[PDB]
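A single chain, nothing else alongside it, follows as structure tokens in the form deposited in one PDB entry.
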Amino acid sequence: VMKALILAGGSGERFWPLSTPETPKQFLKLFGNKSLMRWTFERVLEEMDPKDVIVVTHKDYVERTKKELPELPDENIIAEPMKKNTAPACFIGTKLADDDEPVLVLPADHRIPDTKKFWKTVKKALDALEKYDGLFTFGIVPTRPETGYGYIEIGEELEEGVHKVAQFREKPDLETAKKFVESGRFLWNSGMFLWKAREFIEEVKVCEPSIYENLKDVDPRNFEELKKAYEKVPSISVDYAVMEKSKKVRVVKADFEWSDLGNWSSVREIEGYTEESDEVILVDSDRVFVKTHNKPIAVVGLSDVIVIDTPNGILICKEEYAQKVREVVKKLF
């Protein structure tokens, strides 16, 4: 068959003060009248049954999860004891499928307007997997040189639009992101993945036993076991843990509009710089993304800043620095 793994187990620290530990980004209606998570399940449901859809989560957001995705079975929600980033998150999820069953790993913080373009891309990814095995990533074609994107360099072509990962890069300085685009053959690391359960779990033991050995004989739905094991599991991402080191990483071309709700800069790029109005007063200040809350905000003498007013607090952030909003959360919480 096929199984979709929805990763909804992070904090969404970079979206303070809208996102909190009590209410992470996954449940916010940033776009449309639907949450980030809801949009992801709907896109998935287009072609798949709910029975086939699995959500790896922190124990706290279980009840939240049941609300947003009522059609999801109670059993298909997995509750983690601790968050240790996307690497372990993938391991517990992949064990639930059949050994040879293809598992589509999806972040819940992606905005992909064209769901059919999406599914064509997942179909092609499905056939590539059958044809070459390995671990697939979905590389978005850059439309700009955005910092705060991981990148994928293209290796030897296998078939049209499917290549080996020549080089897996991260964290571009402003010029280093201009370098990337120029080339013609650097794609944005989407954060989506496709693999067959068995091959993936096999590469984890090779690449990251720290992960494997403590989770190989652990049942995912045993909370008290998962707890006991996660105490020895490292907090590393899928990418640093596996997708860099592994010698069978492939990349498929995702030729569609795609955005990652990573940091506040991403929301700006969607709806654009805020224009002056009764509630947002501007004086010698260009390229501002303000978000108001029943009282006006004036920015004077500042350009390329994010301003977000909330009952949780106010963020005032230079756009370049948007990735550091973690620090705020870390200190505050």
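Numbers for residues come from their place in the sequence shown, where the first is 1. What we label the rigid core is the largest C-alpha set whose atoms superpose within 1.5 Å from one form to the other.
The same protein also has a form deposited in another entry, omitted here; what follows describes it.
Core-superposed comparison between the shown form and the other one: the C-alpha position of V56 differs by less than 2 Å. Core-superposed comparison between the shown form and the other one: CA of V44 displaced by less than 2 Å.
Annotation: Cα of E199 displaced by less than 2 Å between the shown form and the other one, core superposition. The distance between the CA atoms of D173 and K245 is at least 3 Å shorter in that other deposited form than in the form shown here. Relative to the shown form, the CA atoms of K245 and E175 are brought 3 Å or more closer together in that other deposited form.
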